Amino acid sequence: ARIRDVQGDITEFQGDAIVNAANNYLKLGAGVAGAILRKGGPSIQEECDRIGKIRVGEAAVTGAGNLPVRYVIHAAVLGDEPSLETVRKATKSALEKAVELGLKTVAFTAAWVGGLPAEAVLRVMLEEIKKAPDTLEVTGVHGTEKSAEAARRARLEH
């Protein structure tokens, strides 16, 4: 996969889909998830409700309502807990949806951490992203330029 990292508002991404780091209940909550809910509109939560509870590590696809993307891929990274193995699974699953749907571009919400070491999380996600096809471009979208630079450094290390 082609891998990018930029500073930005993920709700303004102009590509095929955004990957939303989710709870297994698929309830859109605070922060970025709340931006997606507000800008996208109620239809997103409504489809999430219809899909229902999923397993941690799995992903679910909904429409994106009024957002400038076509889909939101909800990757469930937390539920009734305790995981680095969980981030890997949710990342793998989200990328599988992107392939199945035949997407060319997706953005990840840079929440995936979950009290785990952030550098460790960046590393495991990069590993799964690299296994995705080169027909797919994956953009990590970061709230801060500092967060963006941390992702760039991890891709270098490596």
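One rule holds for the numbers: they count along the sequence shown, beginning at 1.
Peer 1: Please say, as none, 1 to 3, 4 to 9, or 10 or more, how many residues of the deposited sequence are without coordinates in the interval between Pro82 and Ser83.
Peer 2: In the record, 1 to 3 residues between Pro82 and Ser83 lack coordinates.
Peer 1: Count of coordinate-less deposited residues separating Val69 and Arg70, as none, 1 to 3, 4 to 9, or 10 or more?
Peer 2: The entry has no gap there; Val69 and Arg70 are joined directly.
Peer 1: Mean C-alpha B factor from the entry: is it higher for 113 to 121 or for 40 to 48?
Peer 2: The deposited B-factors put 113 to 121 ahead on the C-alpha mean.
Peer 1: Comparing 14 to 22 with 143 to 151, which has the greater mean CA B-factor as deposited?
Peer 2: The recorded data point to 143 to 151.
Peer 1: Between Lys97, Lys89, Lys27, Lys104, where does the Cα B-factor run highest in the record?
Peer 2: Max CA B-factor in the entry, restricted to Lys97, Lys89, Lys27, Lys104: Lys89.
Peer 1: Of the options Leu126, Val61, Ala35, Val56, which has the highest CA B factor as deposited?
Peer 2: Answer, based on the entry's C-alpha B-factors: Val56.
Peer 1: Divide the modelled residues of the chain into thirds by Cα B-factor and specify which third, lowest, middle or highest, holds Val77.
Peer 2: Its C-alpha B-factor belongs to the middle third of this chain's values.
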